[PDB]
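Trainee: Sharing a structure with you now.
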Amino acid sequence: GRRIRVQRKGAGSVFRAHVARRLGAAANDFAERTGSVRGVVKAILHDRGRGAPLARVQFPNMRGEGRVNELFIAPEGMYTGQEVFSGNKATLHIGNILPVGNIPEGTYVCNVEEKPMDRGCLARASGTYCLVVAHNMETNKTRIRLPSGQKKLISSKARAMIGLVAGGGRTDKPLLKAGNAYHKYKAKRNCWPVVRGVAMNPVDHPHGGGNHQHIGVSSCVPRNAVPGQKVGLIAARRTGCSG
Amino acid sequence: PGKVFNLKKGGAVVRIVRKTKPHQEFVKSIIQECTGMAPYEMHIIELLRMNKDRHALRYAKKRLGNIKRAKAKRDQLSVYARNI
Amino acid sequence: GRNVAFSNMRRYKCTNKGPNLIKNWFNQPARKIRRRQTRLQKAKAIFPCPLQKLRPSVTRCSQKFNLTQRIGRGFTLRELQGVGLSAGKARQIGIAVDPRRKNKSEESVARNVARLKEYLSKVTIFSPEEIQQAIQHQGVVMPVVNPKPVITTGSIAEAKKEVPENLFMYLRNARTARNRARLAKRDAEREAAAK
Amino acid sequence: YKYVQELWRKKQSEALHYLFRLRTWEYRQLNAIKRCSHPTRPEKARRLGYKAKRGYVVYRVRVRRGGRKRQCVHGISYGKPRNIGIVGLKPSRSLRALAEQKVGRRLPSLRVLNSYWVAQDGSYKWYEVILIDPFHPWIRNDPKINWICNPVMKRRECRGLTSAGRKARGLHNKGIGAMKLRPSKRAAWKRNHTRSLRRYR
Amino acid sequence: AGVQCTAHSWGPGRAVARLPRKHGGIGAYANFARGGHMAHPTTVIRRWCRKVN
RNA sequence: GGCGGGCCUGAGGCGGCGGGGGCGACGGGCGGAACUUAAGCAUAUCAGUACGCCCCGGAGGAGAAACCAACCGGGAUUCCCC
RNA sequence: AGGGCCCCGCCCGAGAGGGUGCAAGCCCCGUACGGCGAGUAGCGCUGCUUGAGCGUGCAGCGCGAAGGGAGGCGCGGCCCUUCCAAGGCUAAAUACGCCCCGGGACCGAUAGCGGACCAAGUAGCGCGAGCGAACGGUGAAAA
RNA sequence: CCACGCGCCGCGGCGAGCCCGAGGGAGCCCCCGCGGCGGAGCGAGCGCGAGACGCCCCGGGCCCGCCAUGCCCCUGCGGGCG
RNA sequence: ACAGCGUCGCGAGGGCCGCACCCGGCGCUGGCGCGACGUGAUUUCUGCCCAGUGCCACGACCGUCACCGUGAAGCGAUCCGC
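One line per chain: the protein sequences are A, B, C, D and E, in this order. Sequential numbering from 1 applies to the first sequence in the working numbering. Sequential numbering from 1001 applies to the second sequence in the working numbering. Sequential numbering from 2001 applies to the third sequence in the working numbering. Sequential numbering from 3001 applies to the fourth sequence in the working numbering. Sequential numbering from 4001 applies to the fifth sequence in the working numbering.
Right, dumping it as structure tokens:
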């Protein structure tokens, strides 16, 4: 037999991310730890692959000279020229970044750092928001409702933008034609078209081929399966469409 | 058999020719008060003090190597538990 | 096939590849000529001196050959006291010295002490014409000859006091003694358990 | 140094365990092949054959503590069933030898003498090698060590002619059990497995 | 002798005889073929020396 | 607080002096097959072989006993005959 | 064209050979002949190896001595015989190509090296790693 | 075809012997030259250890071991004789 | 193949692959996301069955099932246990 498609995808050859012409990547300094750093939203631009609009904002170079440009997935409501403020004393508005503990209960968040000064981690996708819900002053950990709905505990000094990311409703649009997928996947990595494994001859895929094209033994594959064995639904608690 | 059987062996006369270096012991005592005991040994000295010596000849053979060198480790260690 | 005793040969290894394990002796005449010239050049380097050196007389090792004598590595320091010489002096007079060798018998020291005495008597030491006409020893110095055996013509009656009558029984009694006594411990031990 | 040989014999002692705890920590936060200003253990250096003469350099090489993993790709050895092993093979040569070979490659100009042991951590062992500069006038004009500048002794450690080599080849064992490895492991087999075909036969 | 050639048999269905054939299709490495290794080569191992008592 | 003086670890640069690569052999250290043989085939066998890798030298390796033996004993190594 | 025959001789410490226009000791070159000892040993558990078998040598990890090793069946107790591991050096006798020299009861151009040829690892062929041929003779003199 | 084991058969030398072993000899086809193998078996081993006959062959008879058995004994789980 | 339709894992101290190791891809990504699967635009729908075989449990520890550890023993290997 041969290494299946998932196995080859590890190499990074022909399956790498097409990150060219991308705008770029989207620090708790002392001045922003003590207070708040003012900024202006110079422009909002379209990144390749990322559905959400990014934004370039410039803040004074606290280090000593110049204006330092930043790139931030932008929340819905941004205006070029917006007085974005990031810091502990930043007021509650869309675009501002303040430590999650400061955020009042329920205020939507985006770009929540998992740990303090992680420079961005959760809720950065199109039209995805988080919900600040419970603050415990003891360990200073505020539960946020992650987009998936699973609730995690985020340290109070971890910060995030206020609002929900723009691009909201991007998926609720039927693509209609194969071409519109080709051109979404051209921007992203080479994963489309996807050939089914029932289609492949027995040598290439474990589902394989037989005189009648079936998946053979149950699709469910155990969590402890070897890298070639994990081809069907993995660790499936339940299968089937239900209620 | 490991020798040929000669009822008389010895038509020829045979040869009759066949220590601690105590200064080193003085080197050892100076090191012993600077270093202390070994942690395996401290367990053997405790085992001798509270629970027999059969266990403290088994724990020796296991933590060291052979019985001859273990029975020795018992003697050197025995002095500390019994003396106090 | 038929009644062939089984071949004990070993199947040929690395025949056409790897290590060259076939070493035909086509140089046997050539090597003998090469060794002769080299030996002759060594002899010339010290014309008075012998090419080889006096070696100790040693009993051949193991019971099968332990009644004859062969030449060995060197004379022991105790055997050097017999000629009254130190190890370094012995090298000067052509005596090889095995300081490791231990005589293992007082009798061993004496055959060796005699051999050492002869070398010291035979040798002549020079520190011009005499060196030119000295004539060096050719061959191993004093090669030890094991004598052929003899018959000693002793007396029958005197020898009969030495051996017990029915000699076979005496030899057998001590041959089986370890086993016969062992049975006695097993036998006595069996009796002790009951009565 | 007798009072320094005995002090070390008690390595498990707290005194030297504190020292070792700091020494393993520093070697860890330091490079692989580091040149040592002095032999970290002088007595062991002198026993192996280190004098403080110009032309004698000490270098410490860290080796990974571990069991061998074969180079077979994708984890599979495509031969007969006996050969199918990849994760549990154990090195042929002692880590000591490995440290010397790594130091010898890093400095090919210098010659390797013997190596001592300096410290150990569950992840890596640190053996300290003693190397000699074969060209310094002092070394060439010193009767005792002149044998290192003989060109037969080039790359002692690549040809396993050191002590670690003499332990792996098993040369250290003498007598019954080494009879079949003395001329060399390979040569002894060669001499035994040869058809002489003597001419007069 | 004759072994200093790379010849592998062409195989049936090519019409030509199946003997080791060099890349050219030229016969090679056969006791008969031109330039082939002799069927059993002469070797020094022969005992040129008999023995007499 | 700062600023020199040694000791000690570490930097740059110069001077001299070495290293590298080449040999279809022999010699050392390695990593290491499989066809083959077992009339099949798994241990075995080929074979501590090819091949890969790194090393010297005119030789190399080895070598002065933590040796053999059990005797009316030998006594570093290597090579030969058996 | 004799280095052929036929009569006769000469030299040999040289009658090995090669050349010369036919078979040459004596036609030429030659040849014989001259001269100037501690993270160790051990032990346990694995792998690797050996003929070494309750283990030949090795290694990983754990654990680690002081009088300690060996004696070819283990394990304890008692002796004996023999040696000092955990540091080094050291000629000799041994091996062997390229390279040069001699001899072959060797092959004599489909043979013998792939390659006896004025230009063979060449002409060529293959992207490449690589593969790899064929081809000697006029005569005494080009007359 | 050639080497190398092994089984026979013929022949040559020598015969309770026999042997160009490796080597060494101003030595190469000449001299000198050890193991080996045979001369005794049998038993797992401790061990024990062959004679009585005959052209030859074949059989018979006994003798040596290994395996039981009886008896007698001396230097006794040992020796002898059946 | 495809648009659509479902199923499934996963909150980064994480999923899933590379990979002798050193460690790399998705990821210049973050659940409107990355992967793994089926089915194959719409219109209309999608019955019943968990026996078996898969899978899943901040579902427990019933029994069985290792190395270490630890008990009892034996001089000591070792063995019985827990």
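Idealized CB from N, CA, C, for every residue including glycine.
#1: Unbroken alpha helix (DSSP H) runs of length 4 or more, entirely within the stretch 3085-3139 of chain D: which are they?
#2: Count the C-beta pairs between the stretch 2005-2014 of chain C and the stretch 4020-4028 of chain E that are closer than 8 Å, then say yes if the count reaches three, no if not.
#3: For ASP3133(D), count neighbouring Cβ atoms within 10 angstroms of its own Cβ and tell me buried if that reaches 16, exposed if not.
#4: Which stretch, first to last residue, makes up the alpha helix (DSSP H) that contains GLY3165(D)?
#5: To the nearest angstrom, how far is it from the Cα of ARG3068(D) to the Cα of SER3092(D)?
#6: In or out: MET161(A) buried (at least 16 other Cβ within 10 Å) or exposed?
#7: Less than 9 Å between CB atoms is the rule here; does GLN3012(D) satisfy it with respect to chain B?
#8: Does the separation of the CB atoms of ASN3114(D) and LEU3048(D) fall below 9 Å?
#9: CB-CB under 7 Å to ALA166(A), same chain, minus the five flanking residues each way: which ones, in chain order?
#10: Sort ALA3119(D), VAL3063(D), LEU3089(D) and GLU3043(D) by Cα distance to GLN3071(D) and report the nearest one.
#11: On a CA-only basis, which of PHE85(A), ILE154(A) and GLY35(A) is nearest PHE59(A)? Give me that one, please.
#12: Just to make sure I have the definition right: I need the residues of chain D whose C-beta is within less than 7 Å of the C-beta of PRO2019(C). Which are they?
#13: Run through the stretch 61-105 of chain A for me and flag every whole beta strand (DSSP E) of 3 or more residues, listed as ranges in chain order.
#14: What ranges does the alpha helix (DSSP H) occupy inside the stretch 1002-1053 of chain B, keeping only unbroken runs of at least 4 residues that lie completely in it?
#15: Are any of the Cβ atoms in chain D nearer than 9 Å to that of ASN2166(C)?
#16: Would you mind sorting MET78(A) into buried or exposed? The rule is 16 or more other CB atoms within 10 Å of its CB.
#17: Flag this pair as touching only if the stretch 2083-2095 of chain C and the stretch 2036-2044 of chain C have three or more C-beta atom pairs under 8 Å; answer yes or no.
#18: So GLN2037(C) is in the beta strand (DSSP E); what residue range does that whole segment cover?
#19: Is the separation between the beta-carbon of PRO3039(D) and that of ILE3130(D) shorter than 9 Å?
#20: For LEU1048(B), which residues in the same chain have their Cβ closer than 8 Å to its Cβ, ignoring the five residues on either side in sequence?
#21: What residues in the stretch 3118-3136 of chain D have a beta carbon less than 7 Å from any beta carbon of chain B?
#22: Indicate the three-state DSSP secondary structure (helix, strand or coil) for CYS110(A) in the structure shown.
#23: Pull out every residue of the stretch 2033-2055 of chain C whose Cβ sits closer than 8 Å to any Cβ of chain D, in chain order.
#24: Hey, is the stretch 190-203 of chain A in contact with the stretch 140-148 of chain A, meaning 3+ C-beta pairs nearer than 8 Å?
#25: Measuring only between beta-carbons, confirm whether residue 1980(C) sits less than 9 Å from chain B.
#26: Kindly indicate which three-state DSSP category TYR3018(D) falls into: helix, strand or coil?
#27: Would you identify the three-state DSSP class for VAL4044(E), choosing helix, strand or coil?
#28: Quick check on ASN2016(C): buried or exposed, where buried means 16 or more other Cβ atoms within 10 Å of its Cβ?
#29: Residues of the stretch 1026-1053 of chain B in Cβ contact with chain D at a cutoff of 7 Å, in chain order, please.
#30: Show which residues of chain B have a CB atom less than 7 Å away from the CB atom of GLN2081(C).
#31: Go to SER2057(C), then tell me how far its beta strand (DSSP E) extends in each direction, as first and last residue.
#32: Under 9 Å, Cβ to Cβ, is there at least one residue of chain C near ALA1012(B)?
#33: Counting contacts by CB-CB distance shorter than 9 Å, is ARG2073(C) in contact with chain D?
#34: What's the C-alpha gap between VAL2141(C) and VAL2058(C)?
#35: Does the CB of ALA2174(C) have a neighbour CB from chain B at under 9 Å?
#36: Pick out whichever of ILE3145(D), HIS3172(D), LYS3180(D) and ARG3028(D) has its Cα sitting closest to the Cα of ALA3052(D).
Mentor: The relevant details are as follows:
#1: 3095-3106
#2: no
#3: As a position in the fourth sequence, residue 3133(D) is number 133, starting the count at 1. By the 10 Å Cβ count, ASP3133(D) comes out buried.
#4: Locating residue 3165(D) in the fourth sequence gives position 165, where the first residue counts as 1. 3163-3168 is the extent of the alpha helix (DSSP H) around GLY3165(D).
#5: Against the fourth sequence, residue 3068(D) aligns to sequence position 68. Against the fourth sequence, residue 3092(D) aligns to sequence position 92. C-alpha separation (whole angstroms): 9 Å.
#6: Position 161 of the first sequence, counting from 1, holds the residue named residue 161(A). Its Cβ being crowded by 16 or more others within 10 Å, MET161(A) is buried.
#7: Mapped onto the fourth sequence, residue 3012(D) falls at position 12. Closer than 9 Å to some Cβ of chain B, the Cβ of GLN3012(D) qualifies, so yes.
#8: Counted from its first residue, the fourth sequence places residue 3114(D) at position 114. Counted from its first residue, the fourth sequence places residue 3048(D) at position 48. Yes, they are a contact pair.
#9: Locating residue 166(A) in the first sequence gives position 166, where the first residue counts as 1. So the qualifying residues of the chain are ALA52, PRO53, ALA74, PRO75 and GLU76.
#10: The sequence position of residue 3071(D) within the fourth sequence is 71, counting from 1. Selected option, being the one with the closest Cα: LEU3089(D).
#11: Position 59 of the first sequence, counting from 1, holds the residue named residue 59(A). For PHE59(A), the nearest C-alpha among the options comes from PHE85(A).
#12: What you label residue 2019(C) is simply residue 19 of the third sequence in a count that begins at 1. Neighbours of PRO2019(C) on chain D, chain order: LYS3190.
#13: 67-71, 85-87 and 97-99
#14: 1023-1035 and 1039-1050
#15: In the third sequence, the residue the question calls residue 2166(C) occupies position 166. Not an interface residue.
#16: Looking up residue 78(A) in the first sequence gives position 78. When all chains shown are included, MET78(A) counts as buried.
#17: no
#18: Position 37 of the third sequence holds residue 2037(C). Looking at the DSSP string, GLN2037(C) is not in any beta strand (DSSP E); the run it does join, the alpha helix (DSSP H), is 2028-2045.
#19: Looking up residue 3039(D) in the fourth sequence gives position 39. Looking up residue 3130(D) in the fourth sequence gives position 130. Yes, these two residues count as a Cβ contact at 9 Å.
#20: Residue 1048(B) sits at position 48 when you count from the first residue of the second sequence. So the list reads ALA1056, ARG1074, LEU1077, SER1078, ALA1081 and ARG1082, once near-sequence residues are dropped.
#21: none
#22: In the first sequence, counting from the first residue as 1, residue 110(A) sits at position 110. Correct three-state label for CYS110(A): strand.
#23: none
#24: no
#25: Coverage of chain C is limited to positions 2001 through 2195, which leaves residue 1980(C) absent and any answer about it impossible.
#26: Along the fourth sequence, read from residue 1 onward, the residue named residue 3018(D) stands at position 18. Reduced to three states, the DSSP call for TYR3018(D) is helix.
#27: To locate residue 4044(E), count along the fifth sequence from 1; it is residue 44. Three-state result, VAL4044(E): coil.
#28: Position 16 of the third sequence, counting from 1, holds the residue named residue 2016(C). With fewer than 16 other Cβ atoms within 10 Å, it is exposed.
#29: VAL1027, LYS1028, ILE1030, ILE1031, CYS1034, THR1035, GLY1036, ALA1038 and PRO1039
#30: In the third sequence, the residue the question calls residue 2081(C) occupies position 81. Correct list: empty, because the minimum Cβ distance to chain B is about 13 Å.
#31: By 1-based counting over the third sequence, the position of residue 2057(C) is 57. Its beta strand (DSSP E) spans residues 2057-2059.
#32: For the purposes of this step, residue 1012(B) is taken as the residue at position 12 of the second sequence. Chain C, which has a Cβ nearer than 9 Å to the Cβ of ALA1012(B), makes this yes.
#33: Taking the first residue of the third sequence as 1, we reach residue 2073(C) at position 73. Chain D, which has no Cβ nearer than 9 Å to the Cβ of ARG2073(C), makes this no.
#34: Indexing the third sequence from 1 puts residue 2141(C) at position 141. Indexing the third sequence from 1 puts residue 2058(C) at position 58. In a straight line, the C-alpha of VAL2141(C) is about 15 Å away from that of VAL2058(C).
#35: On the third sequence, position 174 is the one that residue 2174(C) refers to. Chain B, which has a Cβ nearer than 9 Å to the Cβ of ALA2174(C), makes this yes.
#36: To locate residue 3052(D), count along the fourth sequence from 1; it is residue 52. Comparing Cα-Cα distances from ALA3052(D) to each of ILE3145(D), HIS3172(D), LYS3180(D) and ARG3028(D), the minimum goes to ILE3145(D).
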